[PDB]
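Here is my_file_9.cif, consisting of mmCIF, C-alpha atoms and all ligand atoms; chains and numbers go by the auth columns:
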```
data_target
#
loop_
_atom_site.group_PDB
_atom_site.id
_atom_site.type_symbol
_atom_site.label_atom_id
_atom_site.label_comp_id
_atom_site.label_asym_id
_atom_site.label_seq_id
_atom_site.Cartn_x
_atom_site.Cartn_y
_atom_site.Cartn_z
_atom_site.B_iso_or_equiv
_atom_site.auth_seq_id
_atom_site.auth_asym_id
ATOM 1 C CA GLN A 1 160.699 150.831 47.727 0.00 498 A
ATOM 2 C CA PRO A 2 162.646 148.448 45.398 0.00 499 A
ATOM 3 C CA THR A 3 165.299 151.271 45.340 0.00 500 A
ATOM 4 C CA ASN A 4 165.593 151.975 49.093 0.00 501 A
ATOM 5 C CA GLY A 5 169.165 151.792 50.456 0.00 502 A
ATOM 6 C CA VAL A 6 169.905 148.229 51.743 0.00 503 A
ATOM 7 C CA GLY A 7 169.574 149.318 55.412 0.00 504 A
ATOM 8 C CA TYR A 8 165.990 150.498 54.516 0.00 505 A
ATOM 9 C CA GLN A 9 165.088 147.451 52.327 0.00 506 A
ATOM 10 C CA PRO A 10 162.724 144.689 53.594 0.00 507 A
ATOM 11 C CA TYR A 11 164.202 141.478 55.030 0.00 508 A
ATOM 12 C CA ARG A 12 162.579 138.126 55.921 0.00 509 A
ATOM 13 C CA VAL A 13 163.461 136.461 59.252 0.00 510 A
ATOM 14 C CA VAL A 14 163.125 132.994 60.781 0.00 511 A
ATOM 15 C CA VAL A 15 164.270 132.217 64.344 0.00 512 A
ATOM 16 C CA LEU A 16 164.523 128.584 65.478 0.00 513 A
ATOM 17 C CA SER A 17 164.245 127.880 69.230 0.00 514 A
ATOM 18 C CA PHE A 18 165.311 124.398 70.372 0.00 515 A
ATOM 19 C CA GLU A 19 163.633 122.653 73.336 0.00 516 A
ATOM 20 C CA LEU A 20 166.703 120.701 74.706 0.00 517 A
ATOM 21 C CA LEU A 21 164.758 119.194 77.689 0.00 518 A
ATOM 22 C CA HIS A 22 165.149 115.713 79.247 0.00 519 A
ATOM 23 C CA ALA A 23 161.568 115.154 77.939 0.00 520 A
ATOM 24 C CA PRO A 24 161.220 112.724 74.927 0.00 521 A
ATOM 25 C CA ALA A 25 162.946 113.865 71.708 0.00 522 A
ATOM 26 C CA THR A 26 160.635 114.405 68.655 0.00 523 A
ATOM 27 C CA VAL A 27 162.646 116.511 66.142 0.00 524 A
ATOM 28 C CA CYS A 28 165.904 114.743 65.143 0.00 525 A
ATOM 29 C CA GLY A 29 168.505 114.720 62.325 0.00 526 A
ATOM 30 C CA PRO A 30 169.132 112.009 59.634 0.00 527 A
ATOM 31 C CA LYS A 31 170.876 109.712 62.236 0.00 528 A
ATOM 32 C CA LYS A 32 170.085 105.926 62.208 0.00 529 A
ATOM 33 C CA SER A 33 169.522 103.413 65.040 0.00 530 A
ATOM 34 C CA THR A 34 171.680 100.287 65.527 0.00 531 A
ATOM 35 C CA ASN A 35 170.511 97.194 67.359 0.00 532 A
ATOM 36 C CA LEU A 36 170.803 97.513 71.176 0.00 533 A
ATOM 37 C CA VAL A 37 173.633 95.662 73.048 0.00 534 A
ATOM 38 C CA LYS A 38 173.708 94.619 76.763 0.00 535 A
ATOM 39 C CA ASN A 39 176.286 93.473 79.381 0.00 536 A
ATOM 40 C CA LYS A 40 179.301 94.525 77.174 0.00 537 A
ATOM 41 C CA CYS A 41 181.534 97.637 77.047 0.00 538 A
ATOM 42 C CA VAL A 42 180.249 99.938 74.228 0.00 539 A
ATOM 43 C CA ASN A 43 180.356 103.432 72.854 0.00 540 A
ATOM 44 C CA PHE A 44 176.716 104.717 72.756 0.00 541 A
ATOM 45 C CA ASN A 45 174.427 107.565 71.660 0.00 542 A
ATOM 46 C CA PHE A 46 170.768 108.052 72.734 0.00 543 A
ATOM 47 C CA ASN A 47 168.932 110.950 70.950 0.00 544 A
ATOM 48 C CA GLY A 48 172.300 112.868 70.803 0.00 545 A
ATOM 49 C CA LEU A 49 173.421 111.980 74.390 0.00 546 A
ATOM 50 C CA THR A 50 176.850 110.428 73.578 0.00 547 A
ATOM 51 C CA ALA B 1 138.032 133.698 104.652 0.00 27 B
ATOM 52 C CA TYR B 2 141.120 131.444 105.079 0.00 28 B
ATOM 53 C CA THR B 3 142.794 128.223 106.184 0.00 29 B
ATOM 54 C CA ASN B 4 146.462 127.134 106.504 0.00 30 B
ATOM 55 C CA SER B 5 148.453 125.412 103.683 0.00 31 B
ATOM 56 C CA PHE B 6 150.705 123.306 105.980 0.00 32 B
ATOM 57 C CA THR B 7 153.043 121.577 103.413 0.00 33 B
ATOM 58 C CA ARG B 8 150.751 121.202 100.347 0.00 34 B
ATOM 59 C CA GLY B 9 151.788 122.464 96.891 0.00 35 B
ATOM 60 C CA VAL B 10 155.256 120.919 96.219 0.00 36 B
ATOM 61 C CA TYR B 11 155.847 119.484 92.707 0.00 37 B
ATOM 62 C CA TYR B 12 158.528 117.580 90.692 0.00 38 B
ATOM 63 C CA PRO B 13 160.685 120.546 89.531 0.00 39 B
ATOM 64 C CA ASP B 14 162.375 118.753 86.567 0.00 40 B
ATOM 65 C CA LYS B 15 161.863 115.745 84.236 0.00 41 B
ATOM 66 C CA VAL B 16 164.727 113.601 85.669 0.00 42 B
ATOM 67 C CA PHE B 17 164.851 110.370 87.721 0.00 43 B
ATOM 68 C CA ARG B 18 166.798 110.707 91.006 0.00 44 B
ATOM 69 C CA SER B 19 166.806 108.299 93.965 0.00 45 B
ATOM 70 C CA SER B 20 167.938 108.203 97.618 0.00 46 B
ATOM 71 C CA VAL B 21 169.044 111.905 97.467 0.00 47 B
ATOM 72 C CA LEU B 22 168.425 115.137 99.432 0.00 48 B
ATOM 73 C CA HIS B 23 168.383 117.415 96.361 0.00 49 B
ATOM 74 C CA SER B 24 167.974 121.242 96.508 0.00 50 B
HETATM 75 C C1 LIG C . 146.307 132.669 108.851 0.00 601 A
HETATM 76 O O1 LIG C . 145.259 131.859 109.467 0.00 601 A
HETATM 77 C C2 LIG C . 145.257 131.864 110.949 0.00 601 A
HETATM 78 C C3 LIG C . 144.099 130.986 111.441 0.00 601 A
HETATM 79 O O2 LIG C . 144.253 129.644 110.939 0.00 601 A
HETATM 80 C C4 LIG C . 145.141 133.317 111.444 0.00 601 A
HETATM 81 O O3 LIG C . 145.324 133.349 112.875 0.00 601 A
HETATM 82 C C5 LIG C . 146.214 134.226 110.827 0.00 601 A
HETATM 83 O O4 LIG C . 145.987 135.593 111.277 0.00 601 A
HETATM 84 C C6 LIG C . 146.143 134.142 109.295 0.00 601 A
HETATM 85 N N1 LIG C . 147.155 135.002 108.673 0.00 601 A
HETATM 86 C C7 LIG C . 146.990 135.538 107.466 0.00 601 A
HETATM 87 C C8 LIG C . 148.115 136.449 106.957 0.00 601 A
HETATM 88 O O5 LIG C . 145.990 135.296 106.790 0.00 601 A
#
```
Would you mind giving the structure from this file in structure tokens?
Amino acid sequence: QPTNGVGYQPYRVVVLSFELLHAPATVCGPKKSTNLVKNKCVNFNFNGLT
Amino acid sequence: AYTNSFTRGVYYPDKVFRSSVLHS
């Protein structure tokens, strides 16, 4: 009912499960690639592996 | 009816490169 007590009202649910494997990433945030660098000391990040 | 498996049926357990190692 629209006038049930809140503990007896309907609720919608979503549950997100994240597949954090060493397989290839396919769902990623608004992050942006640089050019690659070689043979020099650098800070790096690959798919979230800092 | 049957036969023996010997050492068939081992598989790469995880999606990671490892080399020259006696992993467990
Ligand atoms: C397994 O196979 C051998 C013959 O290759 C037989 O002697 C033995 O009894 C068998 N054991 C089982 C549990 O099937």
Extract, using all atoms listed in the file, all DNA, RNA and protein residues at most 7 Å from segment 519-527 of chain A, discarding same-chain residues fewer than 5 positions from it, and format them as a VMD selection string. (chain A and resid 544) or (chain B and resid 41 to 42)
Residues as selected, C-alpha atoms, written as a PDB file, in the frame of the given file, can you do that?
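The resulting out-v1.pdb:
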```pdb
ATOM      1  CA  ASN A 544     168.932 110.950  70.950  1.00  0.00           C
TER       2      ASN A 544
ATOM      3  CA  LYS B  41     161.863 115.745  84.236  1.00  0.00           C
ATOM      4  CA  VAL B  42     164.727 113.601  85.669  1.00  0.00           C
TER       5      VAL B  42
END
```
Can you turn the PyMOL selection byres (((not hetatm)) within 8 of (chain A and resi 601)) into a concrete residue list for this file, as a PyMOL selection string? chain B and resi 28-30
In Å and to one decimal, atom CA of residue 38 of chain B is distant from atom CA of residue 547 of chain A by 26.1 Å
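Atom CA of residue 44 of chain B sits 24.1 Å away from atom CA of residue 538 of chain A.
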What separation in Å, quoted to one decimal, exists between atom CA of residue 545 of chain A and atom CA of residue 529 of chain A?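 Spanning atom CA of residue 545 of chain A to atom CA of residue 529 of chain A is a straight-line distance of 11.3 Å.
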